[PDB]
Amino acid sequence: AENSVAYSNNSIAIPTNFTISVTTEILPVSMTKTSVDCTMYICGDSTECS
Amino acid sequence: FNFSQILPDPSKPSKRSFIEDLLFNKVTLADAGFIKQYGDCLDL
Amino acid sequence: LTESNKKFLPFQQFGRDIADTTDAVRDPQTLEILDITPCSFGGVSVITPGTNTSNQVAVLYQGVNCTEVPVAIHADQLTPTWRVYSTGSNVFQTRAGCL
Ligand SMILES: *[C@@H]1O[C@H](CO)[C@@H](O[C@@H]2O[C@H](CO)[C@@H](O)[C@H](O)[C@H]2NC(C)=O)[C@H](O)[C@H]1NC(C)=O
Ligand SMILES: *[C@@H]1O[C@H](CO)[C@@H](O[C@@H]2O[C@H](CO)[C@@H](O)[C@H](O)[C@H]2NC(C)=O)[C@H](O)[C@H]1NC(C)=O
Ligand SMILES: *[C@@H]1O[C@H](CO)[C@@H](O[C@@H]2O[C@H](CO)[C@@H](O)[C@H](O)[C@H]2NC(C)=O)[C@H](O)[C@H]1NC(C)=O
Ligand SMILES: *[C@@H]1O[C@H](CO)[C@@H](O)[C@H](O)[C@H]1NC(C)=O
Numbered sequence: 701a702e703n704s705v706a707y708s709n710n711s712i713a714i715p716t717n718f719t720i721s722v723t724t725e726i727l728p729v730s731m732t733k734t735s736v737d738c739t740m741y742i743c744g745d746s747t748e749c750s
Numbered sequence: 800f801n802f803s804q805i806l807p808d809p810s811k812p813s814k815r816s817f818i819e820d821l822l823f824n825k826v827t828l829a830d831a832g833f834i835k836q837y838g839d840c841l848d849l
Numbered sequence: 552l553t554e555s556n557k558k559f560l561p562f563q564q565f566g567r568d569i570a571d572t573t574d575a576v577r578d579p580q581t582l583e584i585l586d587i588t589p590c591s592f593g594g595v596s597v598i599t600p601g602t603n604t605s606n607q608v609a610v611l612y613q614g615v616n617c618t619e620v621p622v623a624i625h626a627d628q629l630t631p632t633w634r635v636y637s638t639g640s641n642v643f644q645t646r647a648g649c650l
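Structure follows, in structure tokens:
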């Protein structure tokens, strides 16, 4: 929205009320601890591949 | 100040809170290897 | 090799997986459909205290139920170094695996 501030050198605006807002913030912390068997993934139960 | 939704609920066996229960419901997580899936395999 | 509830079409001969590997087969001698599940494996993690303090060792077998591990000798490639722990005098089951 367009909003021009009504500035004047003699005038000020002071709020007379307040709102208490509970704003939700989501933060990642950890991820999946994957472990990879390289021999089994590369070689599908092959001795010659191993 | 009410705090029953974020303090843990003893009625829940897994003692997470109500909002934590809704958070765990909305996040779709696979069973993965925490149950190890081993006898069930022996599904992505 | 097990019995499969999957029913092939008469021209079908093999059932395949996501990674383009064979999962279900048709037996040539008798026309019944089987399914292939590869044999058991898992990770091994070794728990030790300091060598300056002692030499006793606990061994964790990852991701495998304890119904197999104390009888999982099976003439393994690496069985003579965990042979006393392949016997399984003390057996505990965790979510990580058989300890
Ligand atoms: C500031 O805003 C609040 C908003 O609720 C005003 O609170 C009144 O609160 C009572 C109960 O706590 C309600 O029954 C009234 O209806 C609320 N008033 C209005 C106008 O909605 C509070 O009066 C406001 N204060 C000032 C100085 O404006
Ligand atoms: C704090 O909030 C909880 C719920 O957010 C209130 O517990 C119950 O809430 C349900 C509505 O979902 C009502 O039908 C019940 O009557 C409430 N229980 C009781 C014993 O009143 C709880 O009451 C709130 N705490 C206070 C002090 O009002
Ligand atoms: C690990 O092995 C145990 C023992 O075989 C399993 O416990 C059995 O689970 C079935 C259903 O899954 C029940 O019908 C049996 O009564 C249970 N047996 C005992 C002695 O409790 C357990 O489910 C296995 N876990 C996994 C992840 O495969
Ligand atoms: C031989 O194969 C046929 C089908 O190819 C099957 O019906 C039969 O049971 C098998 N065995 C003998 C002994 O004929």
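Chains as they are written, first to last, in the authors' numbering: chain A, 701 to 750; chain B, 800 to 841, 848 to 849; chain C, 552 to 650. Heads up, the beta-carbon is just placed ideally off N, CA and C, and yes, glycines get one too.
Contact with chain B is absent for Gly-594 (chain C), since none of that chain's Cβ atoms lies less than 8 angstroms from the residue's Cβ.
With the criterion set as a beta carbon lying under 9 angstroms from some beta carbon of chain C, the members of the stretch 826–838 of chain B are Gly-832, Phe-833, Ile-834, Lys-835, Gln-836, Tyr-837, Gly-838, in sequence order. Ranking B:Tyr-837, B:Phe-800, B:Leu-841 by CA distance to the CA of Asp-574 (chain C) puts B:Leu-841 first. At a beta-carbon threshold of 7 angstroms, the residues of chain C lying near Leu-841 (chain B) are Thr-588, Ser-591, ordered along the chain. For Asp-839 (chain B), the Cβ falls inside the 7 angstroms cut-off from some heavy atom of ligand 3. With a threshold of 16 other beta carbon atoms within 10 Å, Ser-637 (chain C) meets it and is buried.
Under the Cβ criterion of 8 angstroms, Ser-746 (chain A) is not counted among the residues facing chain C. Across the structure, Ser-746 (chain A) and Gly-594 (chain C) are spaced so that their CA atoms are roughly 18 angstroms apart. For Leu-585 (chain C), the enclosing beta strand (DSSP E) has its first and last residue at 584–586.
Close to chain B, meaning a Cβ-Cβ distance shorter than 7 angstroms, are the following residues of the stretch 614–644 of chain C: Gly-614, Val-615, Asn-616.
Neighbours of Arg-646 (chain C) in chain B, taken as residues whose beta carbon is under 9 angstroms from its own, are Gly-832, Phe-833, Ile-834, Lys-835 in chain order. In the pairwise beta carbon analysis, the stretch 587–607 of chain C is classified as not touching the stretch 800–810 of chain B: fewer than three pairs are separated by under 8 angstroms.
Contact annotation, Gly-639 (chain C) with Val-608 (chain C): C-beta distance approximately 14 angstroms; criterion of less than 8 angstroms not satisfied.
The C-alpha of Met-731 (chain A) is placed about 30 angstroms away from the C-alpha of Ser-721 (chain A). At a cut-off of 7 angstroms, the beta-carbon of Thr-734 (chain A) does not count as near ligand 4: no heavy atom of the ligand is closer than that.
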